[PDB]
Every structure is written in structure tokens, then in C-alpha cells.
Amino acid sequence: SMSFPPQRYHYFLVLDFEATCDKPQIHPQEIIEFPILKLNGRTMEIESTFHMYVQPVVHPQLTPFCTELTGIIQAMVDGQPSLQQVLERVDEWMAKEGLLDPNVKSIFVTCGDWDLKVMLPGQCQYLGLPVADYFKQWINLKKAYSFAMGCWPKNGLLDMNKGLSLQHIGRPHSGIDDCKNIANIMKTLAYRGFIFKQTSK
């Protein structure tokens, strides 16, 4: 096939939350890291980065497990805006990037469905906040990978990097680093000729 074919979107918006957690799981979970990488729709190159840590409210003190898992320390979320304000910052960032133009086509890309099917809508429902329409469609990279490679990856980014012989970027369970791996996997899948499609229902 053709390497780096024409794609259906002008930009891809790579997103990977980190959230409060514990062993056994904390309830409710709350977003504590909100990264978005804006990728050129054709080349998959990173052109802009949104990144904010978020101050949790229901369980404001990060557990030892959460800090061990994510590397996020208490001082990184203390003094930060809450999710409501971060969502307003995202909307302003989308506007300045030119992504609110109806003729500019973009879609979010996540590893799995959890981030936009479960985490964001669930916390927004808890807080009584509407979900912006652009969060309601996305590409699940694991499903896209399964069509591009003909196989179901077992453990997310690590196994997709393994299958494509890519070196892992940065630290697992860091939101921004997970985004960098998603973007690197996407670049390789496009190099192999894959055309990305919405997977969310």
C-alpha cells in the first residue's frame, strides 16, 4: 500500500488521563492529569500540546499507590484548577488551535475506551457538567491496531510497541508519556498504510 496515505481527519487529538487511585480502587476516581497532543492528520507529527495537572476534590490527598503508579506528587496537583476549570481551558485551547471550525476535521485518540467512555463522562455526571461534543467521538488505538495488524494486543501500549518493534517513550502511567507512545504508534501504523477511522459508537 501507500506509506502515509491521505487520512480522514485534519488533526488527531491524542489523550490519556491519569486519575486518583488506590489498592483496592478508590471511589470515585478523579482526573489528575489532562494531556492532549495535536497531531498533523497526515504525518502524525506532534504540532501542539495541552497539558495540565488537575486538583482532585472528593479525595484531595493523593494516595501512596497513586503517586507510585503515576509519578504524580501532591505538589503537582495542589493549587491547580479543578476539572471544571481545566475543561474550560481545553475549550479555549481548542479555539486557539483552530479546532472548533466545522470544516476542520479532528477526532480524539485514546488507548482503550476507558478515558472517554467511562472516566470523563462519569466525573462530569458526578459534577453536573456537560461533556463537550468533541469528546463524544474517538478512536480506540487498540481497536485500530487490531485492524491494522490483524491481532488483538494484550497489554495496551507496551504490547503495541512490542508488536511494532518500537522503543517505549518515557515512563508508563505518565499521561503525557502515554500520549507520546500513542502518537509514535500512530505514525508507524500510518507509515504502514493504515487509514484511521472512528471506533466509538
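For every residue, the number given is its place in the sequence shown, counted from 1.
Visitor: As stated in the PDB record, which stretch has the larger average Cα B-factor, 44-52 or 165-173?
Guide: If you average the C-alpha B-factors of 44-52 and of 165-173, the larger mean comes out for 165-173.
Visitor: Comparing 84-92 with 123-131, which stretch shows the greater average C-alpha B-factor in the deposited entry?
Guide: Mean B over CA atoms: larger for 123-131.
Visitor: Select lowest, middle or highest to describe the third in which the CA B-factor of residue 62 falls within its chain in this entry.
Guide: Residue 62: CA B-factor falls in the middle third of its chain.
Visitor: Going by the CA temperature factor in the PDB record, which third of the chain does residue 79 belong to: lowest, middle or highest?
Guide: According to the entry, residue 79 has a C-alpha B-factor in the chain's highest third.
Visitor: Taking the entry's C-alpha B-factors for this chain, is residue 98 in the lowest, middle or highest third?
Guide: Lowest third.
Visitor: Name the third of the chain's ranked CA B-factors that contains residue 35, choosing lowest, middle or highest.
Guide: It falls in the bottom third of the chain.
Visitor: By the recorded C-alpha temperature factor, relative to the other modelled residues in its chain, which third is residue 137 in?
Guide: Answer is highest: the recorded C-alpha B-factor places it there.
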